[PDB]
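Just the one chain here, the form deposited in one PDB entry, laid out as structure tokens.
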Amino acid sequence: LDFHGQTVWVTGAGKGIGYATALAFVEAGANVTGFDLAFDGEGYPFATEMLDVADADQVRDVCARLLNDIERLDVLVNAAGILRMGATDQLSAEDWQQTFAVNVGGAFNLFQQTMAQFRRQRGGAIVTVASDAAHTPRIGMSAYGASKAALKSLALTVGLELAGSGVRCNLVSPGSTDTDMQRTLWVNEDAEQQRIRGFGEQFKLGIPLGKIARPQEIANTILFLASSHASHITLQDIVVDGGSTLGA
């Protein structure tokens, strides 16, 4: 895929899926800016902007500054997110609020600050990273899954709001991935994954393909949806999970 000459923004670009996605865009020729709360890695091969996406005023100031100096924003990737686990009646007030502020509010702020640019330029692509938890109820993750379902709903209506401007808006819903989330077990056994096997007593299916996701496999799906090869695709959500939701 040739993204040479295209301007690409990626949130959550400090690590994990967002970093792998920004890197893939760089490797495909794009002019990339990454946004995150922290950039703790040693090297980032793209422009970095420190930003709390859950701070509406900070998002306004940063996006307005950057938008004043670009002719078009070809691709926006929303990939910020946090996980706070807990049974619904055990979850703290702070974990509930921060889950929604980051996981939905973040994209909301980005949309509020970029939709006018998309309408003015008339075209471009948005890809939003949701979660398989937006597709199925998950013991221990009720708030997380609910925040991701809200994000998916918001992104789809934004897609409808921008479709008349020729803008395409899609999502990717990763399953278990080698990075972030619950990547490490509570014992010294990771190895042959428990995640691949499933956990039937909590109505959690295993993974039919027999492996968890690599970040590159999420990134490459994002790049496809961001590309002219997806030029008739909008309002779709590609689950990238080895079949674990069985297509849900």
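So that the term is clear: the rigid core is the largest set of C-alpha atoms that superpose within 1.5 Å between two forms. When you see a residue number, it is the position in the sequence shown, counting from 1.
There is also a form deposited in another entry; it is not shown, and the following applies to it.
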Compare C-alpha positions between the shown form and the other one after fitting on the rigid core and state which of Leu185, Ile70, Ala47, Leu205 moves by at least 2 angstroms.
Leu185
Do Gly200 and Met181 move together or apart in the other entry, judged by C-alpha distance changing 3 Å or more?
farther
Between the shown chain and the other structure, the Cα gap of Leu185 to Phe100 differs by 3 Å or more. Is it closer or farther in the other entry?
closer
